[PDB]
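First the proteins, then the strands, lettered A, B, ... as listed; each starts at 1.
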2 protein chains.
Amino acid sequence: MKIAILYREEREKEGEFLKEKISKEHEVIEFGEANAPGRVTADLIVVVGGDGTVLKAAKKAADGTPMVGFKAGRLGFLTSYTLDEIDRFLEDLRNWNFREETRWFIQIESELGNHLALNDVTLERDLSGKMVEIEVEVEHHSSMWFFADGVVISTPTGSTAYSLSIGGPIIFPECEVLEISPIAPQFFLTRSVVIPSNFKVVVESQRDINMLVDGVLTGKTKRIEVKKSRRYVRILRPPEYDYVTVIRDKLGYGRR
Amino acid sequence: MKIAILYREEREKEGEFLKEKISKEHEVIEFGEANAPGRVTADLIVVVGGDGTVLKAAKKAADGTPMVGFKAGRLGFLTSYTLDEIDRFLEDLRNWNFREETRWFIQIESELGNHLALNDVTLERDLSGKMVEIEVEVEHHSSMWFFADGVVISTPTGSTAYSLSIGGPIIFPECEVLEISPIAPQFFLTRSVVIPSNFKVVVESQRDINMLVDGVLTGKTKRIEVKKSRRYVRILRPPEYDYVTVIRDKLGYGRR
């Protein structure tokens, strides 16, 4: 089997450990930094790092290419195995014994071009800026209006990241929905809106504000159009994998 | 009476028509921007603009000098009359028909010097930055810790501005309290802490983050000490002024 391995900056030596273990049963076709630009094609990509790293690897992957993350940094939702479980991984792999999750991107269109996000996209005022009138227009519906700092549009994957910090729901990654969350609105409108993932969303602001795509500044705009992409990443999970163990351990939600 | 007039940047025109009207019975001894530098002494300061303007004007008023704000529009917490109400005001002025109100400032010491605020002080990460560890140490106690975008420390006056956008309570302006609100913390700690106005608060962040004073950005700091100042502004109100009408009208809270 043909495997690429991608690792986070200071985890190279970890990557090397994994490479040698995996080399006993499979051909490792590529080994490099999740940073380096370039398309990666393999029957499978191993990522050493965290959700951040997996995110960057997901954008490098040939559309289709299953991936697997080894927790190197901390606990996240996009990592499947710890390093002490490497032999378990080799055993699951042997028989291809995994649950496969599909995580789909969103596509963002604006004057800045076309962006892709696995978590979310954010429009927000400058720190020195006054609040802004923001118009949210779902599908063919009339508009919702907010006077706010900004708005975050999230995928199920991204529901547990920034959107959760401002009051959004925990969305299970299988849900077929998008999530819209005003940032610090007036008139106490601190509730998110959940729409079907087949609806598109136009966001307009009264003046240009900052756009962040998966948390990276990218420029200022008055207008974006967001929808579900057909691009998606595939995440391999061990059969026991339990997302709800992660909601407890990492988010601190629902502990006994 | 010897009267100074201060207007917001754009409102030179409302200032001018307030200025001609006031001069028919009184003497305008000073006429200029509320953002311009210098202490202002008079029998009365008339301020045209909004809460933002009064806020900047309160900093210029000689300890003592009573103030009265005029708003272009809908009534605000720090203004007392609308720009059509010059009739009633000059009436009240002539008869000194006023409710006298006093609001203290807070004192912020840090790396950057010593600041005054009538509303609040905010520590907050860059748009591009990760979340930060924040330590809050009230007066004598042990510390409260958050992983967050930042924290807002507010007076009763400032409770209705940025703190309320992010979950804080509405605090009536006569309460002898300070309010501490974290901005978007993890583990769902979106609740403010209310402490007596005679307690100091120290805030420490894992790295330098932005400091805003009364919504004006002031630079980067890692440590602040906040306490109640002895300084205060006095604000003249017509006897019919009701703060709760404003909570309903401007905030949107509690309409029938």
Side-chain angles (χ1 to χ4, degrees), chain A residues 3-22 26 28-86 88-89 92-93 98 100-106 115-122 154-162 164 173 212-218 229 231-238 241 243 245-246 249-251, chain B residues 128-131 147 186:
Chain A
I3 290 163
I5 296 186
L6 302 177
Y7 58 89
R8 166 161 143 182
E9 305 247 332
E10 202 174 317
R11 261 102 187 149
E12 189 191 268
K13 297 317 166 158
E14 205 155 329
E16 295 262 31
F17 189 56
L18 291 179
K19 187 164 145 249
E20 248 195 37
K21 294 270 248 214
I22 279 138
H26 316 277
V28 179
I29 252 63
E30 167 160 356
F31 175 77
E33 273 199 326
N35 258 16
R39 174 224 205 191
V40 172
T41 312
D43 315 316
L44 175 63
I45 293 176
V46 175
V47 180
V48 197
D51 291 11
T53 323
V54 171
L55 198 92
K56 315 159 231 156
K59 276 152 186 196
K60 278 163 68 63
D63 152 53
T65 304
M67 25 182 70
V68 67
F70 273 79
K71 307 209 277 166
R74 299 190 180 180
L75 180 53
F77 289 91
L78 308 172
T79 45
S80 275
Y81 291 91
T82 291
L83 191 87
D84 59 292
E85 293 169 345
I86 161 84
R88 271 202 338 114
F89 173 69
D92 290 338
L93 176 62
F98 302 110
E100 313 189 6
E101 297 197 2
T102 314
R103 305 292 179 114
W104 39 262
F105 292 93
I106 49 155
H115 287 87
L116 235 29
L118 185 79
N119 289 326
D120 58 20
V121 64
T122 295
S154 186
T155 196
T157 292
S159 80
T160 72
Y162 197 61
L164 195 69
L212 293 72
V213 159
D214 281 347
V216 171
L217 216 24
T218 309
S229 181
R231 289 179 191 133
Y232 66 96
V233 71
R234 276 249 232 56
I235 302 300
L236 307 192
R237 301 286 190 187
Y241 183 84
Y243 169 77
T245 309
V246 185
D249 292 345
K250 155 136 138 153
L251 305 173
Chain B
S128 58
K130 296 243 183 52
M131 271 178 179
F147 201 55
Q186 278 178 357

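The two atoms that bring A/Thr79 and A/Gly49 nearest to each other are CG2-O, 3.9 Å, heavy atoms only. Minimum interatomic distance between A/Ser229 and A/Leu116 (heavy atoms only, all atoms of both residues): OG-CD1, 3.9 Å. Here the shortest heavy-atom pairing between A/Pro173 and A/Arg103 reads CB-CZ, 3.5 Å. Between A/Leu6 and A/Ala57, the shortest heavy-atom distance links the atoms CD1-CB, 3.9 Å. In plain terms, the two heavy atoms of A/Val48 and A/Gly15 that are nearest each other are CG2-CA, 4.2 Å.
For the pair A/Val246 and A/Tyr241, the minimum side-chain heavy-atom distance is below 4.5 Å. Looking only at side-chain heavy atoms (C-beta outward), A/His115 and A/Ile106 stay at 4.5 Å or farther from each other. Between A/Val68 and A/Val47 the shortest side-chain heavy-atom distance does not fall below 4.5 Å.
To the nearest 0.5 angstrom, A/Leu83 atom CG is 6.0 Å from A/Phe17 atom CZ. With rounding to the nearest 0.5 angstrom, the OG1 atom of A/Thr53 is 13.5 Å from the NZ atom of A/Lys71. Considering OG1 of A/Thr65 and CZ of A/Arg234, their distance stands at 9.0 Å, rounded to 0.5 Å. Interatomic distance, CZ of A/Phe98 versus OG of A/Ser80, reported as 8.0 Å (0.5 Å rounding). With rounding to the nearest 0.5 Å, the separation of CD1 in A/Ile235 from CD in A/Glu100 is 10.5 Å.
When the ring pair (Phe, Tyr, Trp, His ring centres under 6.0 Å) test is applied to A/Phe77, the partners found at least two apart in sequence or on another chain are A/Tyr243. A/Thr155 meets the side chain to side chain contact (heavy atoms under 4.5 Å, CB included) test with A/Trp104, A/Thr157; sequence neighbours excluded. A search for salt bridge (charged side-chain N to carboxylate O under 4.0 Å, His left out) contacts involving A/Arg11 returns nothing, not counting sequence neighbours. Listed by chain and number, the residues in a side chain to side chain contact (heavy atoms under 4.5 Å, CB included) with B/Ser128 are B/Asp126 (sequence neighbours excluded). Listed by chain and number, the residues in a salt bridge (charged side-chain N to carboxylate O under 4.0 Å, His left out) with A/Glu85 are A/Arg88 (sequence neighbours excluded). By the side chain to side chain contact (heavy atoms under 4.5 Å, CB included) test, A/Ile3 is found to be paired with A/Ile5, A/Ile22, A/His26, A/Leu44, A/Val46, A/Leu93, residues two or more places apart in sequence or in another chain being considered. Under the rule for a ring pair (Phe, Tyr, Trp, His ring centres under 6.0 Å), the partners of A/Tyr81 that lie at least two apart in sequence or sit in another chain are A/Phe70, A/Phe89. Shown here are the side chain to side chain contact (heavy atoms under 4.5 Å, CB included) partners of A/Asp249, two or more places apart in sequence or in another chain: A/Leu75, A/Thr245. Here A/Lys250 pairs with nothing under the salt bridge (charged side-chain N to carboxylate O under 4.0 Å, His left out) rule; sequence neighbours left out. Applying the salt bridge (charged side-chain N to carboxylate O under 4.0 Å, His left out) criterion to A/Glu9, with sequence neighbours excluded, gives no partner residue.
Residue pairs meeting the salt bridge (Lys or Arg N to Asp or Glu O under 4.0 Å) criterion with at least one member in residues 38-59 of chain A, sequence neighbours excluded: A/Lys59-A/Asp214. Applying the ring-ring contact (aromatic ring centres under 6.0 Å, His included) test to every pair with at least one member in residues 30-54 of chain A, sequence neighbours left out, gives these pairs: A/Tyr7-A/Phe31.
Under 4.0 Å is where a charged nitrogen must lie from a carboxylate oxygen, and between A/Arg8 and A/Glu10 no such pair does. Salt-bridge annotation for A/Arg237 and A/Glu101: present, with a side-chain N of the basic residue lying under 4.0 Å from a carboxylate O of the acidic one. Ion pairing between a basic and an acidic side chain is recognised when a charged N comes within 4.0 Å of a carboxylate O; A/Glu16 and A/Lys19 show such pairing.
Put simply, the side chain of A/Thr122 never gets that close to the backbone of A/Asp120: no donor and acceptor are under 3.5 Å apart. Side-chain N or O atoms of A/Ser154 include one that pairs as donor or acceptor with a backbone N or O of A/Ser159 at under 3.5 Å.
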